[PDB]
Amino acid sequence: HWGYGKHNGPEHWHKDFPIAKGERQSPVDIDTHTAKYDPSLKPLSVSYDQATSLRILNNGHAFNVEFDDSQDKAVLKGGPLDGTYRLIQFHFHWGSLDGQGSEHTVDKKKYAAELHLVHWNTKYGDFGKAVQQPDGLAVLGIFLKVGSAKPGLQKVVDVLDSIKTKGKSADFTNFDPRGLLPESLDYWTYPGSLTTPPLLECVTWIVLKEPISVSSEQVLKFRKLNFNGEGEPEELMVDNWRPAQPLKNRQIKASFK
Ligand SMILES: [Zn+2]
């Protein structure tokens, strides 16, 4: 099925998922000199104190840290959003080398990786019905650069040895996603899509301007994961990023002057 190799990578995905060539695909390049400050934006509220992580899963494309979304426990509100969006999972995209790995770019700059915290609009009752809606989802996107270690990431790095291959999962309780956030919540926002199949056009993207720094050793451990299942030839899980897609008839708005 789909992946990130020569034969099944992002340029192929449109054959099984025609929305790949849609009007509101993600990611995009964020041209900082075309994005405009929007005074109509309310302050962004990241309310993660009651977050309940459950498990971490290698799905043969990335790894997901999954949360209990059965109540309003870890929510995103404010900014461009109308109402309350509940955190369901996060995951990353990364490169084989530090010069690439992000999906959004900033003035064509690629970061070493990118974190996506996925949330769904509680007015639609659950995630499945949220992805039938143009405002069903909000993804908080955070760039990673290589520099100092991120201590709030090390519990993730240390569990990766136990979910090396596709279909492996591990308990992952009591993980605090606050430890993944940069100091500033300045952001760009635009209407887009999920960046993996099914590529659904439901997402209000909120992409933080300030990257987090992780260490070379941390990112190196991401690169030891496998796309393949146990007992299959090793294909290292690297370069699991979709490139920038056409902006089409969209505007990117900045939360800051
Ligand atoms: Zn993603």
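Sequence positions for chain A are given in Swiss-Prot numbering; the residues included correspond to 4-260, in order.
We read in the header that X-ray crystallography, 1.5 Å was used to get this structure.
Cβ from N, Cα, C; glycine included.
Per Swiss-Prot, the feature site 'Fine-tunes the proton-transfer properties of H-64' maps to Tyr7, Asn62, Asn67. The active site, proton donor/acceptor annotation in Swiss-Prot covers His64. If you look up Swiss-Prot, you'll see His94, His96, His119 marked as Zn(2+) binding site, on the strength of experimental evidence. For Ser165, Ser172, the entry in Swiss-Prot reads phosphoserine. Swiss-Prot lists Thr198, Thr199 with the feature substrate binding site, giving experimental evidence as the kind of evidence.
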Item to check | Remaining residues near the recorded Zn(2+) site, that is with C-beta within 8 Å of the centroid of the site residues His94, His96, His119 | outcome: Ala65, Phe93, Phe95, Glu106, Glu117, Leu118, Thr198
Item to check | Of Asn62, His64, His94, i.e. the recorded positions, those within 10 Å of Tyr7 (site 'Fine-tunes the proton-transfer properties of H-64') when Cα atoms are compared | outcome: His64
Item to check | Three-state secondary structure, which DSSP defines for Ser165 (phosphoserine) | outcome: helix
Item to check | Assigned element (helix, strand, coil) containing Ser172 (phosphoserine), judged by DSSP | outcome: strand
Checklist entry - Tell me, by DSSP, whether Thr198 (substrate binding site) is helix, strand or coil? => result coil
Checklist entry - Counting across all protein chains shown, how many other Cβ atoms sit within 10 Å of the Cβ of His64 (active site, proton donor/acceptor)? => result 18
Checklist outcome for this item: Comparing the Cα of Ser172 (phosphoserine) with the Cα atoms of the recorded positions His64, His96, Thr198, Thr199, the shortest distance belongs to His64
Checklist entry - What count of other C-beta atoms do you get within 10 angstroms of the C-beta of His94 (Zn(2+) binding site), across all chains shown? => result 20
Checklist entry - Closest of the recorded positions to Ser165 (phosphoserine), Cα to Cα, picking from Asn67, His94, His96, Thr199? => result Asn67
Checklist outcome for this item: What remains of the recorded positions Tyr7, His64, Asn67, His119, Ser172 after requiring a CB under 6 angstroms from ligand 1 is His119
Checklist entry - Of the recorded positions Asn62, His64, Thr198, which sits closest to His119 (Zn(2+) binding site) by Cα distance? => result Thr198
